[PDB]
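Accompanying notes for the structure given below.
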Amino acid sequence: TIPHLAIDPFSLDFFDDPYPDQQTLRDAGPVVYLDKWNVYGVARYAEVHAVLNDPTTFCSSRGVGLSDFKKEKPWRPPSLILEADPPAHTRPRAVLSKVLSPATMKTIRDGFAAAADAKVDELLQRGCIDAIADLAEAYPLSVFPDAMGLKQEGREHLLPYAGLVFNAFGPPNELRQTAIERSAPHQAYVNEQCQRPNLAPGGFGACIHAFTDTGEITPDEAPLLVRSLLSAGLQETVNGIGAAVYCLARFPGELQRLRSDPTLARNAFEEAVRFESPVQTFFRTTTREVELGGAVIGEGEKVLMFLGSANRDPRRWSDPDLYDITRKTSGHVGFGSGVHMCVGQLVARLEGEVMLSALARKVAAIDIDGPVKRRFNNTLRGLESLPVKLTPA
Ligand code: HEM
Ligand SMILES: COc1ccc(C(=O)O)cc1
Ligand SMILES: [Cl-]
């Protein structure tokens, strides 16, 4: 009663243009079986939203990649928040929520915003730039690692470790094995910067270590929670900002609208997050037999959620393939939904908003003027290179 498909959502051809295959996955049925990896798939907004919001039946403590932690060893000690279920998840989540609080955004906002303006001002002096390396990448590297409290040496390890983390959610294909065999130096730098003496006072990491006397987490838990923010805190944002820029370059009517009202910047980024879904997919594991969209899924089965496909589901979105900076984006799953919904979304939206605001005030046109290149990853969607000519306003 469940349609079996041979689509590999982790193949290179799929990454190259996922969107037809995602329609085929949505239209086959509410639940599909993916024979290549032996997992269930859900690609419609409805079923994705349901799975995300039933963490008792679709837990994350057996991993949220293909590997089931009850069967295989994880490639690194489990995250205390991503790879945990309530109740063990609850208090480490409260710590990271407070570390990344509204009050904390108040303190870095003007710094983040200035750095966005300085970066756009700097790129307008060059004209022809690469909006991935010189912007999408350069901007978050200039404000996140300082906000984390990190030393300066070794920062070249952060994006590679992020790409490793997201590649290791995927199946044991060559992208994953090659990331793991390249991993050791990045693992080593990251784990070391998680120790309390290496985290500059006032930053996010020091704050995490300072939350250890409340009975919410203990001191030996602090290093791993810092690790979370060195894993999840960079590449997505970069991909999300690279997508905004791309969209603004590819849809010049939306750039003309952003310029006319820069207050649209925040929702313009939110729309980029929905349109690109930098995190394309996550897994859950069933803790019990369950009925999902008229199928009966046994205990201990991996379920693949297509988040980017739920964000383009014509059953939920009008013209889902169009980038509309005035769209009501509320409800998209680009950040998840429910108990694990991105705990750092306030940092991402603040980075992306102030970047787009900067562009909206200072740029008249953005024109692709060279070969666009994609970056392949088992979990992340984003560009490798996006040569643009920026035109000062
Ligand atoms: C556009 C940028 C981002 C996107 C698209 C994104 C995507 C996601 C998604 C889909 C989830 C839910 C995972 C799940 O349900 O298993 C998540 C959770 C998480 N994110 Fe983000 N994220 C972004 C930025 C950030 C930032 C800036 C941080 C840190 C500052 C961060 C740290 C985390 C952590 C620690 C979790 C785990 C939360 C939990 O398990 O309860 N992410 N992210
Ligand atoms: C959604 O992406 C991630 C990746 C890693 C972690 C973590 O290491 O906790 C959390 C979220
Ligand atoms: Cl690691």
Side-chain angles (χ1 to χ4, degrees), residues 48-49 51-53 55 58-61 63-65 74-86 89-90 92-97 99-100 104-105 108 136 140 143-145 147-148 157 161-169 179-180 183-192 194 204-205 208 223-244 269-270 272-284 305 307-308 310-311 332-353 379-382:
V48 170
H49 184 272
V51 179
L52 285 166
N53 286 281
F58 308 90
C59 71
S60 311
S61 73
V64 291
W75 70 279
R76 76 181 177 153
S79 158
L80 300 188
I81 170 167
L82 181 79
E83 278 151 358
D85 297 324
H89 165 258
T90 301
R93 175 50 189 231
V95 173
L96 286 184
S97 157
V99 173
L100 306 182
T104 311
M105 302 305 114
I108 64 172
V143 300
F144 186 73
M148 274 298 300
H157 284 298
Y161 184 82
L164 155 69
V165 172
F166 282 95
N167 264 330
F169 290 126
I180 284 169
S183 55
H186 314 298
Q187 284 195 26
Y189 157 81
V190 167
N191 285 322
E192 185 61 35
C194 290
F204 298 154
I208 291 175
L224 272 168
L225 283 168
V226 179
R227 197 193 66 179
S228 286
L229 301 190
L230 308 191
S231 312
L234 227 35
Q235 187 63 59
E236 311 91 295
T237 309
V238 171
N239 291 350
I241 289 169
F269 177 75
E270 197 77 14
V273 172
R274 168 212 73 84
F275 185 94
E276 179 85 317
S277 292
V279 186
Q280 289 282 295
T281 55
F282 262 124
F283 285 94
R284 301 287 202 257
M305 306 171 293
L307 306 172
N311 286 339
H332 75 88
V333 294
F335 288 116
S337 178
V339 305
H340 298 271
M341 184 167 192
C342 187
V343 72
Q345 50 177 315
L346 307 179
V347 179
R349 290 171 176 158
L350 169 70
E351 303 195 4
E353 165 195 9
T379 317
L380 301 167
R381 178 159 166 93

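Numbers here are sequence positions counted from 1. Note: hydrogens, waters and symmetry copies are ignored here, and every other heavy atom, side chains too, is used. Atoms within each ligand, like the ligands themselves, are counted from 1 in listed order.
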Considering only N or O atoms, set out every pair between ligand 2 and the protein closer than 3.5 Å, with distances to one decimal place.
unit_1   : atom_1 : unit_2 : atom_2 : d
ligand 2 : 8 (O)  : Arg76  : NH2    : 2.9
ligand 2 : 9 (O)  : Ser79  : OG     : 2.6
ligand 2 : 9 (O)  : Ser228 : OG     : 2.7

| Angle class for the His157/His186 ring planes (parallel below 30°, perpendicular above 60°, tilted otherwise)? | perpendicular
| request: For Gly334 and ligand 1, answer yes if some heavy atom of the residue is under 4.0 Å from a ligand atom, otherwise no. | output: yes
| Side chains of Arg381 and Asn239: closer than 4.5 Å at any heavy-atom pair? | no
| field | Distance-only side-chain donor-acceptor flag, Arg76 / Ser231, under 3.5 Å | value | yes
| query | Which atoms of ligand 1 sit under 4.0 Å from any heavy atom of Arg93? | reply | 38 (C), 39 (C), 41 (O)
| request: Using a cut-off of 2.8 Å, find all protein N, O or S atoms closer to atom 21 (Fe) of ligand 1 than that distance. | output: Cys342 SG
| query | Taking only heavy atoms of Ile81, which atoms of ligand 1 are found under 4.0 Å from at least one of them? | reply | 38 (C), 39 (C), 40 (O), 41 (O)
| field | Subset of ligand 1 atoms that lie under 4.0 Å from at least one heavy atom of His89 | value | 39 (C), 41 (O)
| Approximate separation, where rounding is to 0.5 Å, of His340 NE2 and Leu52 CG | 9.5 Å
| message | If we only consider heavy atoms of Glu351, is any one of them less than 4.0 Å away from an atom in ligand 1? | response | no
| query | Do any heavy atoms of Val339 fall under 4.0 Å from ligand 1? | reply | yes
| query | Judging by distance only, is a nitrogen or oxygen of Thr237 under 3.5 angstrom from one on ligand 1? | reply | no
| task | For residues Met305 and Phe282, determine if any side-chain heavy atom of one lies less than 4.5 Å from a side-chain heavy atom of the other. | result | yes
| task | Of the side chain and backbone of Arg284, name the one, both, or neither that has a heavy atom under 4.0 Å from an atom of ligand 1. | result | side chain
| Aromatic rings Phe335 and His332: how do their planes relate, parallel, tilted or perpendicular, breaks at 30° and 60°? | tilted
| field | Which residue and heavy atom of the protein sit nearest atom 40 (O) of ligand 1, plus the separation | value | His340 ND1, 2.8 Å
| message | Would you say that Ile108 contacts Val143 through its side chain, given a criterion of any heavy-atom pair below 4.5 Å between the two side chains? | response | no
| field | For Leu229 against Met148, the heavy-atom pair lying closest together | value | CB-SD, 3.9 Å
